[PDB]
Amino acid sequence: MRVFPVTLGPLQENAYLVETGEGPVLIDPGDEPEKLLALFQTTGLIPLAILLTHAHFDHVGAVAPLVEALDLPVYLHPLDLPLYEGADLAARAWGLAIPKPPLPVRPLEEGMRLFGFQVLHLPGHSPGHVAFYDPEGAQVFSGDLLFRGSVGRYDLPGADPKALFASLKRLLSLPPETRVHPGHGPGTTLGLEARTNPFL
């Protein structure tokens, strides 16, 4: 896999354009569709699908224009559908404008394999929060579960603090060399966080 991260929107969310053995995918296009469209150009990669770790508005704000332009299927765990459906309203409450994310979506599920990833259902930050795990490349796109020196907020819509810490226990049982590509902030590894994260 070749991995192209881009930070997007006022909430500084990380999208990932990833070349897989089954073609390119785009993970969490949160905002600034022009910036994503420009990334397609400089990399020469056109995503075949949108994959969503979860449906907080900062992760889905660029879904609509990209689906309109490229007819991209959108993969989301069904437990985050209520978040997905009202994402523009949630953004609006903070005074932020995004287009309403388009329906329908294609489902994700614990144990599913797609585009070279294994889907881990890891709720807590949101009910349908997943990670996309690539054991062969030793890497995980774990959304807002685990950050460099912190963990996902558990005070947001759909949050479940006890689910979160159970999910983190699950995540930290993967190989320590596993590279983490999170929804916010810099990349890390599971081993580094095992040594330094104050929540672990």
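Each residue number is its position in the shown sequence, starting from 1.
* Could you check the entry and say whether 72-80 or 106-114 has the higher mean CA B-factor? => Averaging CA B-factors over each stretch, the winner is 106-114.
* To do: Read off the CA B-factors in the entry, average them over 19-27 and over 6-14, and name the higher stretch.
  => Per the PDB record, 19-27.
* Asked: Looking at 144, 58, 32, 136, which has the highest Cα B-factor in the entry?
  -> So the option with the highest C-alpha B-factor is 136.
* Name the third of the chain's ranked CA B-factors that contains residue 38, choosing lowest, middle or highest. => For residue 38, the deposited C-alpha B-factor lands in the middle third.
* Split the chain's modelled residues into thirds by Cα B-factor; is residue 120 in the lowest, middle or highest one? -> Middle third by C-alpha B-factor.
* Lowest, middle or highest third - CA B-factor, residue 90 -> According to the entry, residue 90 has a C-alpha B-factor in the chain's middle third.
* To do: Looking at the entry's B-factor column for C-alpha atoms only, identify whether residue 65 ranks in the lowest, middle or highest third of its chain.
  => Within its chain, residue 65 is a lowest-third residue by C-alpha B-factor, going by the deposited values.
* **Ranked C-alpha temperature factor of residue 187 among modelled chain residues, by third** => Its C-alpha B-factor belongs to the middle third of this chain's values.
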